[PDB]
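**Student:** Sequence plus experimental coordinates follow:
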Amino acid sequence: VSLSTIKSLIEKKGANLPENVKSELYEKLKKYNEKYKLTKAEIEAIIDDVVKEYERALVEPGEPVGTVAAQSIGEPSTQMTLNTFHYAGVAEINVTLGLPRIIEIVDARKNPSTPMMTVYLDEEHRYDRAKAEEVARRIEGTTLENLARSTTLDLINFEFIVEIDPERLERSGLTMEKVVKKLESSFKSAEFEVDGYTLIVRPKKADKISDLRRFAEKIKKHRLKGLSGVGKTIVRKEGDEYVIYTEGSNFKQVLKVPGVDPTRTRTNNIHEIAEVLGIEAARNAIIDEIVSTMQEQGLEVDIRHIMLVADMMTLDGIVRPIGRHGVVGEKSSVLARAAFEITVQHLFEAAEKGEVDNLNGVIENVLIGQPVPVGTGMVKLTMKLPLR
Amino acid sequence: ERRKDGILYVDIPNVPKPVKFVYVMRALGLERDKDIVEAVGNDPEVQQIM
Amino acid sequence: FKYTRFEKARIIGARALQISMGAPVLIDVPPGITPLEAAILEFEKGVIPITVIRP
Amino acid sequence: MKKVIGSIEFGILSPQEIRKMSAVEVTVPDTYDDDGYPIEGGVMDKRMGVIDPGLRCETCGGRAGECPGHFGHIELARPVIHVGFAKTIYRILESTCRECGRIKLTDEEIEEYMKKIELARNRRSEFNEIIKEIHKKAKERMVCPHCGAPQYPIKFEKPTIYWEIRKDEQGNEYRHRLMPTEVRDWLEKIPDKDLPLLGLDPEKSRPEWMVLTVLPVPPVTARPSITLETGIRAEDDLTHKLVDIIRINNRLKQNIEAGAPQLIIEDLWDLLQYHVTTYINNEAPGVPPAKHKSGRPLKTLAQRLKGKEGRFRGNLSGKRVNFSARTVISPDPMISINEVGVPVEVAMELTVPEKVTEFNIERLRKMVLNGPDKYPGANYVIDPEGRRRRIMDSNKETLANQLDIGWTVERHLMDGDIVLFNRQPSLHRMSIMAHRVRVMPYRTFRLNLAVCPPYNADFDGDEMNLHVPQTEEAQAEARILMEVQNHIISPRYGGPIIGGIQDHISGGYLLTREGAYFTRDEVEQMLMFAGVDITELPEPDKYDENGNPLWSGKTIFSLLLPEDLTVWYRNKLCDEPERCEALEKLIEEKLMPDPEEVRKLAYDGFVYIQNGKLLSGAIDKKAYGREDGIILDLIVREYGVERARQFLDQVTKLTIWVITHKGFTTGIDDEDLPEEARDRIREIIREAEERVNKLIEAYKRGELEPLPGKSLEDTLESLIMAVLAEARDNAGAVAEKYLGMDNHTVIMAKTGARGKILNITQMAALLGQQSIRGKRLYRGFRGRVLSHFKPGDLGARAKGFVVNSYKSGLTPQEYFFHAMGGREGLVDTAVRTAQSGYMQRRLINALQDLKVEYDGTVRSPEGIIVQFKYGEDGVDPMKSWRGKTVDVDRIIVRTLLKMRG
Amino acid sequence: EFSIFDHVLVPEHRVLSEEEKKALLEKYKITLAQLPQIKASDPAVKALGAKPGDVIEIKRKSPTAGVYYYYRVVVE
Ligand SMILES: [Mg+2]
Ligand SMILES: [Zn+2]
Ligand SMILES: [Zn+2]
């Protein structure tokens, strides 16, 4: 049976199936036909069985998907660990894990506790450690403290000699003259009598200890090369290419750095994704974040519940917390909102606006004493009276 | 307390607001600046702080 | 056409209520059974007067 | 004849509606009167409804308890500003012209804002934002675009005082107070077309009606007099406020009709306004709370609603529902998975009402003859009219001869009745299920062991509740929707959640273990015990030395599987992948090899079933375990739920029998290691400690490279922790290597029935590093944890590394470190429950309204479309195989085998 | 040179014409206000010529069904 015949039969019979289903069916049918020499009768029976199974697997109307999704998300979290760990890896960046991470994503906090960016590389720089280190230097956000082997903060005679390590200088790609030139081009009102492998500073003839301490700490953590708000970078090698993990969050700036593959680049902060790439990207990032957080703990949760949660969150263009600050607090049902508040001004506002309560929820119907419009509360029955 | 600027304060329970440290020492009869400095030690950096 | 399980539950409930109220049983049943299994057997035999209306 | 409220639309009442809706015009401030009779024209009239006994309502003619009450109205002398609408009125005044009353906005702006409002109708927050923007734009304007007249600024003084800052002929700014009549006159001229932009609906809320002209009076039932212990008719705060309102209204009216000066009219007007405001809300901002006769703030209409225990937030609660019981639970596997054992005493109290018909008259007659003491008895009988009687012993002999069609009998619980079963805390959907009653002696809720996982229950004092539905509709719903059979596959991950737990796995392994044979007596006994319907034994496999026939366990197990099941997979016991590779090669090559060839290549790590015959492999967790129950999933998804229930109920008993009569135990020698393994572990520990000391020396002498993420000390700690963890893993590997499979504890760990390899490692070889919050132990004295170590020591032994297993016993310092670790674990367990509960509550409050419509769409409660074709494929997670919509590989293989066989 | 549509997290967007817009609106028995909304400041909107009151068709890459169509309306 020529593969065109299998494709034609698939299109003829299983037209109802989703695209992925029919594609996978075609692939595996081709494999099994080339391995076992199937005839057309078996193919027709197989496609009919697939169609019947898919028809059986469809969800029925009236199913309360929202409550099921909420329960299937909440329940595993009780078995999931509760932070209170300090995973100290070597080639890794500390990231909030487990229940705190899930809570941060769900409540859509503006800034995550441990922002972290994943940066991929273009073809030129992907297959070499040295080019990866070069791109890292472009993105390292190197600081004088990291460059320095050690620091000596001697306030007793108003000076500050910081010892700079040659290996860190070579790794960053910066030379002593270069860094001193950048520092003086930035710190114009300062005198840098650099000697050997030590920096020497003076605060334009300061007087009090605190002033020179503040000036020294100002220089110590001052940025030299790199995008704003970026800390340590750990260039690893996953699969076959080198990938640059990075702390901080400068997702829009990093996309312009040469050698950076912007298509695959991602970041932890969902709000930044919403600002830069749009709202669909924010939804996909939320889904991926929740999936990864569930996976690292070993728990398994169906993708559909997470998809429903993500779709509900980003319903009006802007990502909002799912809690009472952005979703529950704007419930249309004035009766449902009523048993969540402390004031009565909401009733007056609703009466003024002429708001109509559709009684489409659960709390309002429960309070009234009427069947909830879910499941068996949805159907209507009729009968022909003449009976045997 | 020592604020982020380096200025000391004292938080009396009855007084609704904090008071500057030297004011409180002077209210207790210790008025000399030299004596106020001496009452807390002799380390030169501490002397300059006060 | 296929009965969703909610529809089947509502049909069984209505039929059992009618049988309890005094409606005749369309099929012979073993003695000493409650209305509920009577309605369940009625459904299993496929003899059901009630029908559902879908939007 | 009984309809259901489909929607409730809120609006603002008009004075005409209040006038015609009401019945009696209350004019006289009259109390209950000395004889406790309603005074005519009083607050509690007879047209308002009667709560006092022994009299008839004037309007509906109903006795107290059956008259719902009726509304009355008060004709105010002067307009009064409603407290709630005060801010709305002030906002409206700043947006409309003083002369024309229209919105001070250009027509193009009106069109743009109308389009935006039409788009953002549903979103309440965006609607409020648009309203505020329009209000700001209009208020900032000074000259009316229609008239050109100046608009003197309007100043709002809380709670209900409005000032118009006007400029005199000298330019001085003076505050002119706006009387409520002026506000009404301003509001009336506003046209309907301008209301939507102003934030109003010109059919249910008109601005003129915000200022009250007629004040409705709640019925007596709404303001009942609860009386007192002394018999004094303790009135309602609303009643007292209404009395004061009536008095002040009459006073203001009589002084108005008497040509009184403007000052006293203003005084009475303000008194009326304050009384009205405090009657609507006694806690309104800038309003002095009116004091009761005892000097306490009176509870008014606002306080009667914004209460946590009031109508809002109070009706939803958890109270003692009727027909419920609670007791401890004990296990028993002799009942089906969808059954529950109920104590006799409970069954004799939780009666269920059953209507007597023609096909059950004799059973109910016997039950009512039994009385309320014999177990198959009844407690109450209801005649067709409706009276209820207790059976007792006096009229036990009667009430049976006079029992016919149309009666109702409240019989005791009997076998077969449907009953709900709950375990708190109720986390997911499966925490409530419907079971079938089976009355047994003693006092415990017997529960099958396979049903433990979904309930998350252990028999160590756990308690459960059961509720007995009463009506036929509820019983049908429980029986069809909530039975244990239908909930085998978990909605969460699409796999099974009901299956074997501890013995059902280990005993299954013992039965199907390679080289296990059973005699004829055992075969017959176990088959009869499992309930398997058989009447002739299969052909014996292998003969005993003395001549007795024997049967391998695999055939006995195969007697349970269906006749056409076929599957193959790799279990957890696979330790020699070459044999699995060979078997997979053969199977893939042929798709139906001759069973003789498989026998030579059999291996207990590779399960293979052909036409319901177990040819190779052994039973473990992957067969029918809590998750990844390949065989159980296959039975559920291919042969219906009932077949799956029968299979589970048979395999459970079979496995329990084999483990009970074959012997299974564990002793102190289960973790005894040979001397060579002990020496290996000791040398591993010594080498790790030496490396740690080398690291410490290198740190001390300045020879250390600090990685950018950490300082010197943090890098040192990371290296130490990595070294110690690797050492513990190596010791565990050695211990696992030297522990045979014949060991019972090793069997329990490997099959997944109970425990992990780490448990064996800790119990036999090495306990390992102890940590708090992911860090080495550090909280103690200055520079040292305990007092028995030299200060400033960072060695492995001195900061929580324990080198003794549980068998060898811990030294006191190691005991203290282990105590620290255990305390941290307990604290984490205590806190995570509360955190998860809070998160789940938030999620449920957010998402409990979504549902699948009849066209496959998912719609928000306010009508917004959330998702077309729920799940983007329309497949219920329960019906999904393991996330995939359709497992086409299994479909292909199954169909090919069925049709090529 | 880099367009947002090349990113893996961004599915393809398209602007609906009047006929298909009304056919879609009639298919689900809905009005324009009942659809999900996308702000006019979204980068995907700027990359297109979208204007407020218009319906954007989004072709998601679904892990479950592969291709799936989502629709949003543009507001301020
Ligand atoms: Mg327990
Ligand atoms: Zn009445
Ligand atoms: Zn005007």
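**Tutor:** Yes, it's here. Numbering: from 1, shown residues only, chains lettered A, B, ... in the order given. Ligands and ions are numbered 1, 2, ... in the order given.

**Student:** Longest helix in chain C, please.
**Tutor:** Longest helix in chain C by number of residues (criterion: DSSP state H): helix C:5-21.

**Student:** Is chain D within reach of whichever helix or strand comes after it?
**Tutor:** The first helix or strand that comes after helix C:5-21 along the chain, using DSSP states H and E, is helix C:35-44. Yes - under the criterion of C-beta under 8 Å from any C-beta of the partner chain, helix C:35-44 makes contact with chain D via C:35, C:36, C:37, C:38, C:39, C:40. No exception for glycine: its C-beta is placed from N, CA and C like everyone else's.

**Student:** which other helices and strands contact helix C:35-44?
**Tutor:** helix C:5-21, helix D:472-481 (3 or more C-beta pairs under 8 Å, 6 or more residues apart in numbering or on different chains; DSSP states H and E).

**Student:** is the first one anywhere near chain A?
**Tutor:** Put plainly, it is helix C:5-21. Yes - contact of helix C:5-21 with chain A (C-beta under 8 Å from any C-beta) involves C:5, C:6, C:7, C:9, C:10, C:11, C:13, C:14.

**Student:** Can I get these in CSV including neighbour count?
**Tutor:** Formatted as CSV, the residues of helix C:5-21 next to chain A follow (neighbours: other C-beta atoms under 10 Å in any protein chain shown):
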residue, neighbour count
C:5, 15
C:6, 22
C:7, 22
C:9, 22
C:10, 26
C:11, 24
C:13, 23
C:14, 19
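
**Student:** If we check chain B, which of these are in contact?
**Tutor:** Within these, nothing lies near chain B by C-beta under 8 Å from any C-beta.

**Student:** of those, list those near ligand 3.
**Tutor:** Among these, not one lies near ligand 3 by C-beta under 5 Å from the ion.

**Student:** Where is the longest helix in chain D?
**Tutor:** Per DSSP H, chain D has its longest helix at helix D:812-847.

**Student:** what about it and chain A, any contact?
**Tutor:** Yes - interface with chain A: helix D:812-847 contributes D:824, D:828, D:831-833, D:835-837, D:839-840, D:842-847 (C-beta under 8 Å from any C-beta).

**Student:** Which neighbouring elements make contact with that helix?
**Tutor:** helix A:65-79, helix A:99-107, helix A:303-313, strand D:771-772, strand D:801-802.

**Student:** Can you give me the neighbour number for the residue of the stretch 1-150 of chain D found nearest chain B?
**Tutor:** Residue nearest to chain B within the stretch 1-150 of chain D: residue D:87 (33.7 Å; C-beta to the nearest C-beta). Other residues within reach of residue D:87 by the criterion other C-beta atoms under 10 Å in any protein chain shown amount to 16.

**Student:** Show me what the helix or strand where residue D:342 lies is packed against.
**Tutor:** Using DSSP H and E, residue D:342 maps to strand D:339-343. Applying 3+ C-beta pairs under 8 Å, 6+ apart, one finds that strand D:339-343 contacts strand D:418-422, strand D:432-440, strand D:445-447.

**Student:** Packed most tightly, which of the ones you listed would that be?
**Tutor:** Scoring the helices and strands packed on strand D:339-343 by mean neighbour count under mean count of other C-beta atoms under 10 Å in any protein chain shown gives strand D:445-447 as the most buried, with a mean of 23.

**Student:** Are the helix or strand that that one is followed by and ligand 1 in contact anywhere?
**Tutor:** Counting by DSSP H and E, the next helix or strand C-terminal to strand D:445-447 is helix D:452-455. No - Helix D:452-455 stays clear of ligand 1 (C-beta under 5 Å from the ion), getting no nearer than 10.6 Å.

**Student:** Give me the contact list for the helix or strand that comes right after helix D:452-455.
**Tutor:** Proceeding N to C from helix D:452-455, the next assigned helix or strand is strand D:463-467, under DSSP H and E. Strand D:463-467 is contacted from outside by D:321, D:323-329, D:340, D:342, D:350, D:419-424, D:435, D:445, D:447, D:455, D:457, using C-beta atoms under 8 Å, 6 or more residues apart in numbering or on different chains.

**Student:** Repeat the analysis, applying 10 Å as the threshold.
**Tutor:** D:321-329, D:340, D:342, D:346, D:350, D:419-424, D:426, D:432, D:434-435, D:437, D:444-445, D:447, D:455, D:457, D:474, D:478 (C-beta atoms under 10 Å, 6 or more residues apart in numbering or on different chains).

**Student:** coming back round to it: in the longest helix of chain D, what's buried?
**Tutor:** D:813-814, D:816-818, D:820-821, D:832, D:835-836, D:839-840, D:842-847 (16 or more other C-beta atoms under 10 Å in any protein chain shown).

**Student:** just stretch D:567-581 next, same as before
**Tutor:** Neighbour-count burial for stretch D:567-581 [16+ other C-beta under 10 Å]: D:567, D:568, D:569, D:571, D:573, D:574, D:579, D:580.

**Student:** swap in stretch D:694-703?
**Tutor:** Using 16+ other C-beta under 10 Å as the test for burial, stretch D:694-703 gives D:695, D:696, D:699.

**Student:** quick revisit: now tabulate the residues of helix C:5-21 next to chain A in a markdown table and tack on distance to residue B:10.
**Tutor:** Below are the residues of helix C:5-21 next to chain A laid out as a markdown table (distance: C-beta to C-beta, whole Å):
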| residue | distance to residue B:10 |
| --- | --- |
| C:5 | 73 |
| C:6 | 71 |
| C:7 | 76 |
| C:9 | 73 |
| C:10 | 75 |
| C:11 | 80 |
| C:13 | 76 |
| C:14 | 79 |
